[PDB]
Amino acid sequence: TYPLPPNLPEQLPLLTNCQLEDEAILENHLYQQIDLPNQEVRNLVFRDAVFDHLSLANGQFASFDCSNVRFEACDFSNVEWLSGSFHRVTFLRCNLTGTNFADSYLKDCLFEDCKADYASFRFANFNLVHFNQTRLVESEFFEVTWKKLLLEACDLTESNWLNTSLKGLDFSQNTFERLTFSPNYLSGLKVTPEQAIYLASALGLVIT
């Protein structure tokens, strides 16, 4: 089962500028080429919309609510989305470098061809979340609660999976040269022989 895509019509009216205010709702448009760096805005609602080349770089968005939205080629580098809510959201070709989603709720979300090195999902709750062709080097998947999590064609090198169940995940279609994990949460992970050898070494086997 794949995440549901955002519920969008074929045609949405185009806007090339927007303003952010606390409790503001941005909805029902295609928002294109907007550069709003270093903002701090509470209780934002983005819904039923597409954002194309939006930058919120170094933004801080408390109690963020996002539903039925596709973000395309957006810059969210270092953004704080602590305890955010994301439902039927796609991040496509987005810069998520250092983006902080700690404590967020993600349901029916897709990350496709994103740069997400150092991104944090610490304590996140996932339900139908798919990472596809997304770079996740030194990312944080610490104590994540999840159902129907899929990762394919992702670079997971040095990602942190401590306190997160790996039972029923398939890392065989991803790459990692290093991985941090909890030994008691390892059983049931699907891997290649090369990955198995790495994991066995990480568990303390001395392999010739």
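So that there is no doubt, residue numbering starts at 1 and follows the sequence shown.
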What stretch has the higher average Cα B-factor here, 140 to 148 or 62 to 70? 62 to 70
Tell me which stretch, 193 to 201 or 5 to 13, has the higher mean Cα B-factor listed in the entry. 5 to 13
The residue of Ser120, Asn127, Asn132, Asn78 with the maximal C-alpha B-factor according to the PDB record is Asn78
Among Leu26, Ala153, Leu156, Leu162 - the residue whose C-alpha B-factor is largest in the record: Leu26
Sorting the chain's modelled residues by C-alpha B-factor and splitting them into thirds places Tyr31 in the highest
Cα B factor band for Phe51 (lowest, middle or highest third within the chain): highest
